[PDB]
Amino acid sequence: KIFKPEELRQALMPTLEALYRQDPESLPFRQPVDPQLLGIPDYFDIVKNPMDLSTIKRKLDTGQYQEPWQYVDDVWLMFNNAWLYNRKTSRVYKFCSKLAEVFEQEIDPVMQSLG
C-alpha cells in the first residue's frame, strides 16, 4: 500500500541499470536533449515534457517516486518523446525501440513483486 523509498529504489533500480547497460542503445538517452546545443529549436514544440535516463535515475535516487507507476510513466515518456520526434529508421528511434524491448522484459516481474 505505502512504499518505503529505499525499497522502491532497490526494486526498480535493476530495470534502470538494464537500460543503461545497453551499449550503444542507451547512449542518446543517458543525458537530457539540449536543443540549443543540437541546433533543433523545434524540439520543445513537439516534446513538452522531456525525460532521459539521468533524470529518471536522479528521481529514483532522491525519493521522487512514491509509487512504481510514476517511474514506469517516466520511462514511457522518454520512449514516447523519442518515437514522436525522430524518424522511424533513425539511430535514436531504433535505439529507443531496443530500450523499450529490454524494459518490457525487465519491468513486468518487478511490478508483479511490488503489488
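Numbers follow the displayed sequence, beginning with 1. Whichever C-alpha set is largest while still superposing within 1.5 Å between the two forms counts as the rigid core.
Averaged over structures and residues, the CA distance from the shown form in 7 other deposited structures of this protein after a core fit is larger for 31 to 39, of the two stretches 62 to 70 and 31 to 39. When the mean C-alpha temperature factors of 62 to 70 and 86 to 94 are read from the deposited coordinates, 62 to 70 comes out higher.
Taking the mean C-alpha B-factor of each stretch as recorded, 6 to 14 and 95 to 103 are not equal, and the higher mean is that of 6 to 14. When all modelled residues of the chain are sorted by CA temperature factor, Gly39 is found within the highest third.
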